[PDB]
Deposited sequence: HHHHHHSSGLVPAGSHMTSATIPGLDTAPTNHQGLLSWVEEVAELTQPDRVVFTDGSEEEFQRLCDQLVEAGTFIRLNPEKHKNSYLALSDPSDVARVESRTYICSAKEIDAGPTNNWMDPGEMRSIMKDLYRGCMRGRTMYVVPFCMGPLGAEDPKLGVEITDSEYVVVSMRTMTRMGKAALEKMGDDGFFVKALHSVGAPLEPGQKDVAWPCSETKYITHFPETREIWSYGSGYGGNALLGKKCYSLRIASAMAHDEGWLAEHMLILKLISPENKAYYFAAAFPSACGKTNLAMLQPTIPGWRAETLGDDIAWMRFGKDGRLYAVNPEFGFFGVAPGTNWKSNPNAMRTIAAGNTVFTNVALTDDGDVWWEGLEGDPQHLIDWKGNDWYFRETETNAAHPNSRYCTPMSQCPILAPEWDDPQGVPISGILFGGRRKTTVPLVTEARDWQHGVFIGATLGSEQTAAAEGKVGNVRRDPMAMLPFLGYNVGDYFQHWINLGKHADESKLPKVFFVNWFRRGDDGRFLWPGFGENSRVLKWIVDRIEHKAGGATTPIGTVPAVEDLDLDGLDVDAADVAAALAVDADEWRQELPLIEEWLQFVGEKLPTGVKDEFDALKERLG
């Protein structure tokens, strides 16, 4: 019953222009034993064909086209609803090159386990070969990949999240390099066996081989586990590439801010989860003459240009956003993006008229079908209607405030890099670093609230493809060797500082544009601030608070730098620096020592 790759339907008609690709596909198919192989082209005809098949399988239902054109709802197995960090691995030759922020296993050992799992795993299924490009196709060092998957849901979402199909395949030419990304849901079928809507396995691995730039995923069909052009490539493999190649692959939104002068400024900003980063990515300024446009809300790849500035490009082609919390009152721009359709929603609730809903959204719907397919009733049912990690997957080109530069292969020059977290105390509303190395320290020690303060360096804690210490040294090196006058200025922002009574000291949301204005003025040397032990911090009089109904005392409190509080912060930072381990750069320790000395 086992078939030699040659005889598997679809391989007879494979593209032969790139033999490295063909040989790999044949080797994989020989192992996994699919019923047939399909090379995807990313076309609209293909997209609708795959969607019809997904509706037939029950994986999708078609949403009301009057409310969302060409849009679908998928409900997952309740065991498969999120990234699984504990099952995510960096399999470098040596453990130290994974480092203390990563899960490591000997690559030989991992390969033995996963090759065993992959044997026959695609029986009864189509194996898709999905060529894709990271970033605009016009790039100079363009990063290509091919994802092999047995999940049609994956193919459809990869079409939205990446530049998928024909154009990428042509870019590979006859022997071009590409990231080999292998995926299976791990649910082989017998002939004539009825499938389920969302196949998956209890056994999961999301494995990365940084040296060879390979990704092997098994067992999950969900999000970042299975859409391998998301963080597996965009952050984990790409950070290793960037390490070796002299650039930066980072977990940052990309924002375009335009001043009343009509001059544009681009910012890259790293936040952990639960810090409202999507709200900031789609900022609507509240002060006259200031406008904002978005280039991305997840990943930024930064490379030096010929002029010595750092240029950012978004490697992604679509948004994969957490649905709950998204609503018309706080992110109308996200809602408008979704309104234009062409969206796959996963684990949200279904309204009686074929629309979608999730916690936080307006409407007070009286009845819903929840993410498990069950009746839900307003102000009665005690379970969430949409899964807390439910998703919309939507083309970026539909965003009404998308910057025209979004598809430029050279990207946009970055004026400022921002780091942020949620802190009830201690950390002011905004601080500017004293210089690049201090900036690296600020990013490296990024703290944010946890069940208490979690360190999430550059918001990359779960996503580094190599040792965290070496990553810090890489940031230090790029700054050392750059033209200092052209490096982005580094800032830290805390929108979330609280008074002792629990009030929010800063109103946030669109009002964050007032902080961004200070940042732009500092870049232009048009604003002052106080020199404090932690960096430059504005006084209330340094911010534009015109038209803002806010207690000046609350804003002063938001901006305060209390030496006692920062002395208490020191041992927390020190235990983190110790955790970083043997590869902690002396340059980072230097900045800790300097902070300690300034504090007295």
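Within the chain's deposited sequence, the coordinate-free stretches run 1-14, 466-473 in sequence order.
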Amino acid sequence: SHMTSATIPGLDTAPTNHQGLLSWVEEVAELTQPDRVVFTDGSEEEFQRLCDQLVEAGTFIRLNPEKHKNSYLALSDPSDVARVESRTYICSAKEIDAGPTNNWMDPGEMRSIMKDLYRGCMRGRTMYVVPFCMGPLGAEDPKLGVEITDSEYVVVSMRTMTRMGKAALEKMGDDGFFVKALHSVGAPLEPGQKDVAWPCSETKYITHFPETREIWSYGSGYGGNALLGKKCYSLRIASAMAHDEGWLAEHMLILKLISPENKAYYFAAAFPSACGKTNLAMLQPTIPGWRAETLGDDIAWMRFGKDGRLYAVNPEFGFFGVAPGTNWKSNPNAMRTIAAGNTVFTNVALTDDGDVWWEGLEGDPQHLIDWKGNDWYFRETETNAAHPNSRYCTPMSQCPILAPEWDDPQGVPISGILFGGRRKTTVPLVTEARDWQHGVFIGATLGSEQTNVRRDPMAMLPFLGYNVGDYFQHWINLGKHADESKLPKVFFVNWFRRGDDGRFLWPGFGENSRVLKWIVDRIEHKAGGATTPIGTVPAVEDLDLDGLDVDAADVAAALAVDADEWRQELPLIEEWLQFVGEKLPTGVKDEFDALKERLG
From here on, numbers count along this sequence of modelled residues.
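The term rigid core refers to the maximal set of C-alpha atoms that superpose within 1.5 Å between the two forms.
For the pair 270-278 and 240-248, rigid core superposition yields a higher RMS C-alpha distance in 4 other deposited structures of this protein in 270-278. The segment moving more, judged by mean Cα distance from this form in 4 other deposited structures of this protein after a core overlay, is 77-85 among 318-326 and 77-85. In this entry, the higher average B-factor at the C-alpha atoms falls on 299-307, of the pair 513-521 and 299-307.
The PDB entry records a higher mean C-alpha B factor for 95-103 than for its counterpart among 95-103 and 155-163. Of the candidates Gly223, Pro285, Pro395, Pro324, it is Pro285 whose Cα B-factor is highest according to the PDB record. Of all the options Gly447, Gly341, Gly529, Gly469, the entry's greatest CA B-factor is assigned to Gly447. Looking at the C-alpha B-factors along this chain, the one for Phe178 belongs to the middle third.
When the CA B factors of the chain's modelled residues are split into thirds, the value for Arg125 lands in the lowest one. Placement of the Cα temperature factor of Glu190 within the chain: highest third of the modelled residues, per the deposited record. Placement of the Cα temperature factor of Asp407 within the chain: highest third of the modelled residues, per the deposited record. Compared with the other modelled residues of the chain, the Cα B-factor recorded for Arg336 ranks in the middle third.
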